[PDB]
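Worksheet for the structure shown next.
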6 protein chains.
Amino acid sequence: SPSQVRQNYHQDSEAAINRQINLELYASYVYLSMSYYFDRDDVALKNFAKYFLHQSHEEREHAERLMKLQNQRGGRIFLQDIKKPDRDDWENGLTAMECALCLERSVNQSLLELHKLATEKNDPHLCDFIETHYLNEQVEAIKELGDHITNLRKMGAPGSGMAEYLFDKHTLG
Amino acid sequence: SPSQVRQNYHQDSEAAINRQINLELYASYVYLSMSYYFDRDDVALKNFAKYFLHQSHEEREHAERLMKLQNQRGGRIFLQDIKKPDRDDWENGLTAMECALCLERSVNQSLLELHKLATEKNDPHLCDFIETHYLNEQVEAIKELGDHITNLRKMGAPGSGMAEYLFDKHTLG
Amino acid sequence: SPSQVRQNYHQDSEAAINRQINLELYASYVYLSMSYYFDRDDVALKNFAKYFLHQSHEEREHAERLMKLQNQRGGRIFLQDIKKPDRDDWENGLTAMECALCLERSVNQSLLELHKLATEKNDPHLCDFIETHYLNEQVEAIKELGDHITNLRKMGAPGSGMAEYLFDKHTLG
Amino acid sequence: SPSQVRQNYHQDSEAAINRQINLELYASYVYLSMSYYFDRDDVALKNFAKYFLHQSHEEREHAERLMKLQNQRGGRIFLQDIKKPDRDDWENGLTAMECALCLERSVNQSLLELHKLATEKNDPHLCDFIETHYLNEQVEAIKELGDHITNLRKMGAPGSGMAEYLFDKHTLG
Amino acid sequence: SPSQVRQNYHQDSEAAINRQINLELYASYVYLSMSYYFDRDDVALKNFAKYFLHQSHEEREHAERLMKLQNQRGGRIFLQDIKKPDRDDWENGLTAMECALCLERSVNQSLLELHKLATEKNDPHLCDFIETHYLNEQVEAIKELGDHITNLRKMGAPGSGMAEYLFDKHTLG
Amino acid sequence: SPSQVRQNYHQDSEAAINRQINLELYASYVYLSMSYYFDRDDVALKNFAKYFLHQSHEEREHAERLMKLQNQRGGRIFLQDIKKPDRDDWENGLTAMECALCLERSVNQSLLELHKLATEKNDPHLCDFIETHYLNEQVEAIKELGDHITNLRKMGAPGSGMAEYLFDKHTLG
Ligand SMILES: [Fe+3]
Ligand SMILES: [Fe+3]
Ligand SMILES: [Fe+3]
Ligand SMILES: [Fe+3]
Ligand SMILES: [Fe+3]
Ligand SMILES: [Fe+3]
């Protein structure tokens, strides 16, 4: 039953990899929702839409990389239902940035739990994979989101639409 | 009397094409009026003037394409008087954008009526011509105008001239 | 309440566009499942994996284009849950090709129903959009899948793994 | 019995596609006859021969495209006898142009009937195919033939051979 | 009320500039009418159509330059109705050339009256503008039209259609 | 009645040239039938379709060259009805190759009879034309078809579809 390539790969690690795949695709779905929310005629923030579409594409790559890692170690991929994003209307740019920050913090927390599980199971390859491809990216993404939120708050968002317009033109542009 | 190239071309379709030609040229005239209104020394919005001059040139092309289609199908072009635009002073940028949105919606409504007439008369070539060259352009133009109006409203226009200046420099520039 | 860009866009058309978006993303999910099924060490068909990953990326683009069309016409995007693919193990290459053919036929049937609804609602722009971007692509994809299935059956698949190997190397390679 | 790719493709549409294929090849045969009639030593109009040979090649492509469409939709091609052109001697350039105009009008009428049948059978892909690849081409070809006939009549053809010589050298050259 | 840039600009000069703008656009409309008259299948003179379309585009530029001059001097543009051309059928090439000559002579006469008014009002900038951008162009256009009419008369137009065909091919081509 | 260029050109030679033209076009029609038979979804042999389409184009050129030769020698072209191919379903690749071999042998036999007639009528130009443009081509085509048939038989065709697939990919590809 076990694959000819499976070595030092625990069942719990495989299940955690599958759950992380589902999370990464949920995050991609949420970012797509934000991106096409900012493409609305009553919102009209092109650079916000570009930023969130790029985030969605990145998360899909993260998930595809996770699926490739699952296949490499001899595990079996079990896809689940990709849940809808918790919101349909994202209010404005600052709220979308804060929701994206909350997402990334959750993805990073899940990745930290996965690394802790791999360390407990003595899987050095999985730990190195998580450290190389997912940890520093999460901290850079969280730092970037925090910078964006700080700039939006200081410019006067969300009360002033001039602030969101100028942030769209200068920072994200 | 009928031309050697006229085939499956109804009289009502020819009359509707002539009326659409007159509308497209009226729209070009209105856009020219807006463009050279924004060139005034007491207005001084160069990018608004460029945008509306480009819209005027586009509408002329639309009309010239309509005249070419009329000649291709064996119909006869009957030009009418190009009426003056309903306004001489366009108040400000937001009002001009809203008036342009109203125009385009009317041109699109006229184009939809023309397509409905062509479908009722079983003229597939005319329907395909309208769909290919005029429908998607109208929806893109209307979407762009809606985005511009939303951005202008959110920036604080027309109350704040800083908003119109920054929209001129960043969006239309 | 209605957007400033909404014109000749029916509620039923908006709902059908949302359902088509959900279908296109389900199809992308299914193609991703097939692609990373063929990346398994006990399957090892690299070109099948490439083909299905490309199909998944294409379907996402189809969905993103549908979302853009929804935003252009003044409709509102309502995302739903992306259901898991009906299978986790795809047996072999021929079975995967047949399942992909069944999917595409369903997507084409849904697109034909959407076009019929748009024609009944007299929405020429939506009909032209569906015809230009989705109908001929569906027929080309279905034709390609039928060719692949015929070649696989004639080569001796799925009984002979030599047939699947040679089809992977020569056709999909 | 039905092909694995056949979907929303009616039998009447398949028969009409076969008849259109036969017509397109008959038109190609007629154009070839005209072209090699103008290559005679007692006619000696090289540019007329080039024009009609190009028309023949175009019609063959039209037929080959029709055959490809028939194969794409799951229909079966049934070739018939290609009838000889109704004339062996084409009198002169103006008569050949008028006969070519009559042909094209017939091909366009057949294409319009085919589009009407496809619309009645609710085959949007076939309607879009006919509109995209065959309707506007027919109207451009008919317009070009009408222009050529008008120029030939005004120059003094067919009474004056100087007119046909100058039309061959300047227009078709 | 007067603009901050208005200096040595008389009200009569502003009114004459507005009337000249309306004339230049009427001339552009007339040239467009001629150009798309020569695109008819029963006329079929491509180079005449090109010539008159170029004349129409030039006259629009003349009008746009006049509007720019009006804005530069502090005057206010007041657009009027663009009257339809006096003819729908232009008979033939020679008649169209003669009508174009009559137009240009009228535009030049209006420009000469405008220059006389500016000289009487002691507006050296307006006089220099008219001399630099409009007088020599009118005399060159009138000379070219006279040459075309002389050539058409000598070749045998409008009685001989061979003359119009050869003039279209050689002179305007 | 005879043309000014007719010299040493017999009536029987002219009739044989016309019959050869009709045969060459029938062969082109048959090759087109085979090519678009192999484009079917239940056949799916792209390289067979390419090969037979190229053969059809070549035969048309052969016929056009024959028509040009007929015009050069002062003969008159008399086109006949192009008969439908004897088959609609070509079974498989080997059967199509064998039918193509039978055709070419017939075309070569007809060409040999035409050369014999020209030699009997003492027409050295016609004999040289047939030898230069048609004899060696027939023997090369027959040799190529024999090689293809031998390879198909040795690979196991038509019983093994793997043989036809590999021949399509390697030989015709
Ligand atoms: Fe990620
Ligand atoms: Fe327009
Ligand atoms: Fe798709
Ligand atoms: Fe054709
Ligand atoms: Fe002028
Ligand atoms: Fe041949």
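Protein chains get the first letters and strands the later ones, always in sequence-line order, with residue 1 at the start of each. Just the heavy atoms: all of them, side chains too, but no hydrogens, waters or symmetry mates, feed the values below.
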**Message:** For D/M97 versus D/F167, what's the shortest heavy-atom pair and its separation?
**Reply:**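 So the two residues come closest at CE-CE2, 4.4 Å.
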**Prompt:** What are the two closest heavy atoms between D/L111 and D/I130, and how far apart are they?
**Reply:**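 Looking at all heavy atoms of both residues, the shortest contact is O-CG2, 4.0 Å.
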With a 4.5 Å cut-off on heavy-atom pairs, point out which of [options] contacts chain C the most.
options	result
D/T132, D/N122, D/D128	D/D128
D/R73, D/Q72, D/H125	D/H125
D/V5, D/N8, D/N71	D/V5

**Asked** So which of C/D147, C/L145, C/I149 has the biggest tally of heavy-atom pairs under 4.5 Å with chain D?
**Response**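 Greatest number of close heavy-atom pairs with chain D: C/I149.
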**Request:** Could you have a look at C/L112, C/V139, C/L101 and say which one has the most heavy-atom pairs with chain D under 4.5 angstrom?
**Result:**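 Maximum pair count with chain D is reached by C/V139.
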Part of [X] within contact of chain D (heavy atom distance under 4.5 Å):
X	result
C/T150	both
C/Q138	neither
C/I142	both

**Prompt:** Backbone N or O of C/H115 within a donor-acceptor pair of the C/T119 side chain at under 3.5 Å?
**Reply:**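 Yes, C/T119 side chain to C/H115 backbone: donor-acceptor pair under 3.5 Å.
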**Request:** Please round to the nearest 0.5 Å and tell me the distance separating atom CD1 of C/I17 and atom CG of C/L66.
**Result:**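 If I round to the nearest 0.5 Å, the distance is 5.5 Å.
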**Prompt:** Angle class for the C/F129/C/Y134 ring planes (parallel below 30°, perpendicular above 60°, tilted otherwise)?
**Reply:**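 C/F129 vs C/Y134 ring planes: tilted.
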**Message:** Under the criterion side chain to side chain contact (heavy atoms under 4.5 Å, CB included), I'd like the reasoning laid out for C/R87 against C/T95: C-alpha separation, chi angles, the key distance, then a yes or no.
**Reply:** CA-CA 11 Å; C/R87 302 171 67 103; C/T95 303; 4.1 Å; yes
